[PDB]
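Let me begin by presenting the structure, written as structure tokens, before commenting on it.
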Amino acid sequence: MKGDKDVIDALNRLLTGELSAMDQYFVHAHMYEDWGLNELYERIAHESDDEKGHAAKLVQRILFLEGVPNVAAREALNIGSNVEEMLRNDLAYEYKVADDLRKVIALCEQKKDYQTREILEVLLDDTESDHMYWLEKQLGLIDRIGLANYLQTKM
Amino acid sequence: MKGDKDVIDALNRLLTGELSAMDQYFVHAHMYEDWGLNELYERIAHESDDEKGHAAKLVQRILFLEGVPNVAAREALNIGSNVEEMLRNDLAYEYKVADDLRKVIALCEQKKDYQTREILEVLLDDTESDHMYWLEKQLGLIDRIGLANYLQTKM
Amino acid sequence: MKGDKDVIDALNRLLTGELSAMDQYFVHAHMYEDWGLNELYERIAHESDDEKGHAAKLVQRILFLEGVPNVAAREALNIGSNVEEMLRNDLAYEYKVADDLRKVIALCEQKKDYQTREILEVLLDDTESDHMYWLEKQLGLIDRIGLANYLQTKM
Amino acid sequence: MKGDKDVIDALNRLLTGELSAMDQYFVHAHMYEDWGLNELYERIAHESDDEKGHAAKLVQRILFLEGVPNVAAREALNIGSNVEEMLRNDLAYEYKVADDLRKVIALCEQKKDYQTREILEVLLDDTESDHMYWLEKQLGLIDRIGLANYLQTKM
Amino acid sequence: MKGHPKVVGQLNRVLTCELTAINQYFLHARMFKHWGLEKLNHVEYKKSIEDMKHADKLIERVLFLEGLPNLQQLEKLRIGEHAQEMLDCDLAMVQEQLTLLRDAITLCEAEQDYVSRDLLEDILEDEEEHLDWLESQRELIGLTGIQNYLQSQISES
Amino acid sequence: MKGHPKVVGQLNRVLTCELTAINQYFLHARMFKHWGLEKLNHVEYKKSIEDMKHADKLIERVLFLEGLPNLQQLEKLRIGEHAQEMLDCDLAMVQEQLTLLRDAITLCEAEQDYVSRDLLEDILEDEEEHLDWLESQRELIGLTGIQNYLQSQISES
Amino acid sequence: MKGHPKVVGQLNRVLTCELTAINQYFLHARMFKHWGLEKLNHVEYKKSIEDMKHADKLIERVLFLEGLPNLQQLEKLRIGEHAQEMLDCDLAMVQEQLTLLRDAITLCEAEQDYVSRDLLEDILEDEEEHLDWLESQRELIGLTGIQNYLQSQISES
Amino acid sequence: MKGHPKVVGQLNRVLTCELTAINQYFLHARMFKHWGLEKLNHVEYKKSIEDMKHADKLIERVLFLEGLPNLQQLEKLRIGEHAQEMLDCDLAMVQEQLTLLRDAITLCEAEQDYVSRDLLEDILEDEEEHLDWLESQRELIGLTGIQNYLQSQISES
Ligand code: HEM
Ligand code: HEM
Ligand code: HEM
Ligand code: NA
Ligand code: NA
């Protein structure tokens, strides 16, 4: 079908976001593995895979809506140097993705594009209930047990 | 059968206690899960389920004794803000439940209501040998290894 | 994340509703079991368990949104004395829960809190398609076969 | 270990190449799926996954060599509009990757970095014996049976 | 172990009453089978088997306490003519037997016979579960009527 | 639950259109089977089964909302003579039915009928997956030609 | 094979009536489900599935005979308000449809269309087994009463 | 991919030598089978199969490099009359072929043909494992004598 032009633009911005998330989670997972923190490596790598799944869904939706997916553009990556900084960068970036997803869900509701709305609602449900919540839990655990105890659990 | 009026009143007070215990263990388990402390979440959630089982037994006994179970009344919940406070509140409340169970077991013995006595004896055995003992062990472990080591084991 | 203050208030009112539903379904299931009506006992007990699941989801959402779940407050329970009255009280209370869920879904849509919207939409789907529909079917069956035939099927 | 600075630069250029390959194969696979050409979709998607595996190996090697992987930079994507153009763009880009891999293998041999040499030799073996060969076969088949017969086999 | 004479007397009286219960429950189960009410048959038969186990435990306890089990005496049987009357007779017998069990548990506690008391408490919980079942049946007859209630007993499962 | 009259009217209109879709898809599937195009048969038959499930859900929703399902009315069927015409008729009907579904979802949201809206959103995603498939088939006919495309439909799997 | 125009017309009329039967049976099955009568749901649903298979066979036969299946027309639906009325409407429709099938079998024999006749004879045996079932249900309502009969339909198995 | 002419020439020469090896190893395996030396049969046959796989890989590499595989030319075969002579001929051919492989690996490295080099390195490790086996056999003949050594080859396993 012929999708709304604004809906395709917003879907393409969400795609740029998901692809940047994929890159950041990829390099962070491998920085965790380089440090022997295999549990964080595995968690962040699976989150990069989920970002790849979200990007696949967005690309499929943009192509179905007869748009041109933009997989070339990338947002600036915020790579941390230590575990707390990388977790806080992942959290900042999940917050930005959730905000942008909410804006696009509102737009899809105004533009009557309900099916894009539920695709983005599944994406927002993953962003909130899968990894924003996990990151907030991790930062709270660092606050409770300390960073050295927290990192000991991640090996 | 027609149960003694005092025995039904005491069973209803025990029911109020068990229902308040259920609510407190429920909110505490979920506060533990919100903090990434999944082992405490699971333990306290299973204890809320055991409180639900005790309340079911008490309601069945009150109905068999031709009384009216009071599931509307609730005691004041003592919700903690940090792990030690929630464990100490659960311990205080288990102590109160055990005291009240002993009073009602004495009453059931005076009123010849032996079967209510063994129902409450099973309840008291759970209260003591299942979670009062566990809470005392947990507070002793916090005293031995420290709170940051203790919370690290609970993730 | 930091949820909207009105969304947390509405989620807490929904939580009070779900907890009162749990209590009412609990005492009604046990009143059905006391009368030998084991099929109603089992159905209403499973509905009390579903109310507990809904309350768990609401508590998790309120804690994620950095609110304080209120598991202490309870609405007035409307306990019936005979089977038709308890079924009609359960239906009245399901109607009230569905109305209040619709109001909160509208509020979550206005407040851009889409994820709370889908949590409450799953809750509303259960409330309508799981037990409001069942209760209406039961009252229609009582109207068709009579109360003595209806109760005979519930043993 | 501390890798040679030139070897890390060359590994990072290979990483940029692999990541651009991933993006191009991703959008091409989905453009094939949008057209009902499911066999090309599946083949090109698996090749995007192999590019992700190569990029993972390169990132792991750059981190082991105490370098900073650059997952932010991306080369210009050459997206085709019809099947022959996308196959020819994938072939051009595989040719460029193979040339650049050979240059870096020569550099790793001069810099005594033998282990990077075998990592890149496995990458070059995949690039040649897995998908450059496949693309040349596909273009030869288009030349032999025609484009309409070729596309019929790809559904 | 030489038991208290009062405890052995109470156990022998509970035994008389358990044997009377066995006989009444079996007669009622077979009267129910004769009428085609099979689920009532099954319930009354498993209840007679249960009182059979109870009498076995009481005999073994009276023998361990160096007493003489009295299997010769039986109480008067209340045999009903129809289902409701039979259920009421069963109810009356369960209630009398529960009063007896409570008196015996009180006496066993007064004599520090605590394993006799544990035995009698198991018998009490069983008899009072059957009391619950009989009260459920009476409520079901009041709710669905006797014809609907009896129709539910035709098939054993 | 007493539903809104507007929502029940919209659901009944979506039901009319789902029934028309069932009939058109089955006629087209059997016209395809008659020509030996078996994979097109299979697709159109599973699509008619899918619209069958959709009509079932709409009937159940209209009944739950205390409305009267209208299974009597059907829309005009667009039956093609050849494969391309049949696929175009299917496309036109999917597009009309998607417009209808979007209007009904808008109205269901305006009336706070959120489970009706969830129902209609499932129907929308299904209808729009079939729209995707039909557009894929048209692109494949444009790419491989109609004779090559029809040759790929001879075998069902 | 080019079939007789009269045989194709009769098959198209039997098809109209089979489609009307599908719609009426499904509406009635879902009205029964809405009332909690689950075994009546199950029967009416499997009967609608059966008339679905019948319509499929008639469409395939009309297509093989180089005719045009008419899935557009439907007859008037008799939708009842309560169980007895719905069963009577189903009975009336089965009887009308059996008369139609007998006329079509007679015509198929007169035109030496013997595989059309075999098709219609399978449809006849199925429709007349459902006629038997509906008459059984009416006799059961007369025997046990409508309240007892409806109580037997609450559970699907 | 268009390969270097020198690399394709070297691969074609290694291919000629691999084909000559296949022929010599098979003739020797069947000469061993004809004498009842079954374990020597088995070794020489699996070695001919191995050089068969090597020739397959070289043909595929020469084809991928847009060259023309030369399966027409073969080198002179050294066929022995007795076991020791056949093993010495096999040894001489393995040594010549290893020298050739080393020259080809050097040239492939000089031309940055690294997958050709990996191919040739697999062929080198295989040929040099067989060189090891042949040297082991010569040492075993020197240790146990030719009559004892040949007696150990009678049974294949
Ligand atoms: C002193 C009186 C009695 C005692 C202590 C006694 C005890 C028992 C016990 C322990 C069992 C086996 C239960 C099991 O393991 O499942 C049994 C079985 C049975 N009893 Fe009795 N019983 C008594 C009298 C009677 C009477 C009076 C009747 C019938 C008129 C009766 C009928 C049966 C039947 C039919 C069985 C099943 C047979 C079997 O075990 O296979 N009993 N009894
Ligand atoms: C031209 C009219 C129709 C024809 C020829 C037809 C044919 C069929 C056939 C052959 C089946 C599969 C039966 C089986 O293998 O068990 C089926 C399934 C079904 N039909 Fe229809 N049908 C028609 C119209 C309808 C209508 C109007 C409805 C509802 C309003 C409906 C509802 C269903 C349902 C719910 C199913 C079950 C889905 C499934 O097979 O899993 N059908 N139909
Ligand atoms: C250009 C020359 C040749 C090439 C490239 C070649 C290649 C092959 C290959 C790849 C196999 C299958 C190996 C496996 O998968 O286990 C095979 C099998 C075989 N070869 Fe050759 N071969 C050649 C010449 C010969 C000659 C000259 C003979 C005999 C005089 C021979 C005898 C056999 C036998 C007996 C088999 C076993 C049959 C089977 O695979 O089931 N080969 N060959
Ligand atoms: Na530690
Ligand atoms: Na009845």
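Chains as they are written, first to last, in our numbering: chain Y, 1 to 155; chain Z, 1 to 155; chain B, 1 to 155; chain W, 1 to 155; chain E, 1 to 157; chain U, 1 to 157; chain D, 1 to 157; chain V, 1 to 157. Note that the Cβ used here is the ideal one computed from N, Cα and C, for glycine as well.
7 Å Cβ cut-off: residues of chain V touching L124(W): Ordered by position in chain V, the residues that pass the 7 Å Cβ test against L124(W) are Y114, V115.
Indicate, with yes or no, if ligand 2 has a heavy atom lying under 7 Å from the CB of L37(B). no
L58(Y), DSSP secondary structure in three states: helix
Under 6 Å from any heavy atom of ligand 4, by CB: list those residues in chain order, please. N149(Y), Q152(Y), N149(Z), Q152(Z)
Using a C-beta cutoff of 8 Å, does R102(U) count as contacting chain Y? yes
For the alpha helix (DSSP H) that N12(W) lies in, which residues bound it at each end? Annotation for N12(W): the continuous alpha helix (DSSP H) segment containing it runs 5 to 34.
Any beta carbon of chain B sitting closer than 8 Å to that of residue 192(U)? Because residue 192(U) is not part of the residues shown, which for chain U are 1 to 157, the question remains open.
Under 7 Å by beta carbon: chain Y residues contacting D132(U): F64
Which term fits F64(B), buried or exposed, when burial requires 16 or more other beta carbons within 10 angstroms of its beta carbon? That one is buried.
Please confirm whether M1(Y) has its beta-carbon closer than 8 Å to some beta-carbon of chain U. yes
Among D90(B), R144(B), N12(B), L141(B), the one whose alpha carbon lies nearest that of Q60(B): In this structure, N12(B) is the residue among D90(B), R144(B), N12(B), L141(B) with its C-alpha nearest to the C-alpha of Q60(B).
Length at least 4, wholly inside the stretch 82 to 132 of chain Z: the alpha helix (DSSP H) runs in chain order: Whole alpha helix (DSSP H) segments, 4+ residues: 83 to 110, 114 to 126.
Could you tell me which chain U residues have their CB closer than 7 Å to the CB of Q152(W), listed as they occur along the chain? Result: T144, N148, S152.
Given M52(D), which residues of its chain have a CB within under 8 Å of its CB, disregarding the five upstream and five downstream residues? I22
CB-CB under 8 Å to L74(V), same chain, minus the five flanking residues each way: which ones, in chain order? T16, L19, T20, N23
Does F32(E) pass the burial test, meaning 16 or more other C-beta atoms within 10 Å, or should it be called exposed? When all chains shown are included, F32(E) counts as buried.
Chain D contact for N38(B) (CB, 8 Å cutoff): no
If you measure from the beta carbon of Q110(B) to each beta carbon in chain Y, is any gap under 8 Å? Under the Cβ criterion of 8 Å, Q110(B) is not counted among the residues facing chain Y.
Only counting the same chain, and skipping five residues up and downstream in sequence, which positions put a Cβ closer than 8 Å to that of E38(U)? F32, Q153, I154, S155, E156
Residue 158(D) - containing alpha helix (DSSP H), residue span: In the structure as shown, chain D starts at 1 and stops at 157, and residue 158(D) therefore has no counterpart that could be examined.
Alpha helix (DSSP H) containing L101(D): first to last residue? That run of the alpha helix (DSSP H) goes 83 to 110.
Note down, in chain order, every chain U residue with its Cβ under 8 Å from the Cβ of residue 170(Y). As shown, chain Y starts at 1 and ends at 155. That puts residue 170(Y) outside it, with no answer to give.
Note down, in chain order, every chain B residue with its Cβ under 9 Å from the Cβ of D51(U). Within 9 Å Cβ-Cβ: nothing; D51(U) doesn't reach chain B, min ~21 Å.
Helix, strand or coil: which one does DSSP assign to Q24(D)? Helix, per DSSP.
Check the Cβ-Cβ distances between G36(D) and every residue of chain B, and say whether any is below 8 Å. Yes, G36(D) lies at the interface with chain B (some Cβ there is under 8 Å from its Cβ).
Roughly how many angstroms lie between the CA atoms of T16(W) and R138(U), to the nearest whole one? Answer to the nearest angstrom: the Cα atoms are 38 Å apart.
Starting from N70(U), trace the alpha helix (DSSP H) in both directions and tell me its first and last residue. Run containing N70(U): none; DSSP gives neither H nor E here.
In the DSSP assignment, find the unbroken alpha helix (DSSP H) run with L151(B) in it and report its ends. Residues 147 to 153.
Compile a chain-ordered list of the residues in the stretch 129 to 146 of chain Y whose CB is closer than 7 Å to at least one CB of chain Z. Sequence-ordered contacts of the stretch 129 to 146 of chain Y with chain Z read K137, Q138, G140, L141, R144, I145, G146 [C-beta pairs closer than 7 Å].
Please confirm whether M155(Z) has its beta-carbon closer than 8 Å to some beta-carbon of chain Y. yes
CB of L101(U) to nearest heavy atom of ligand 3: below 7 Å? no
Assess contact between the stretch 140 to 151 of chain E and the stretch 86 to 95 of chain U, defined as three or more Cβ pairs (one per stretch) separated by less than 8 Å. Is contact present? no
Suppose the cutoff is 7 Å on Cβ atoms and the five residues either side in sequence are ignored; what does the same chain contact list for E128(Z) look like? Cβ neighbours of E128(Z) beyond the five flanking positions: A98.
Going straight from the alpha carbon of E118(W) to that of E111(V), what length do you get? 17 Å
Can you give me, in chain order, the residues of the stretch 74 to 108 of chain B that have a beta carbon less than 9 Å from any beta carbon in chain U? Identification of residues in the stretch 74 to 108 of chain B having a C-beta nearer than 9 Å to some C-beta of chain U yields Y95, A98, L101, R102, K103, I105, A106, given in sequence order.
Just the residues with CB closer than 6 Å to a heavy atom of ligand 1, in chain order, which are they? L19(E), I22(E), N23(E), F26(E), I49(E), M52(E), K53(E), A55(E), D56(E), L71(E)
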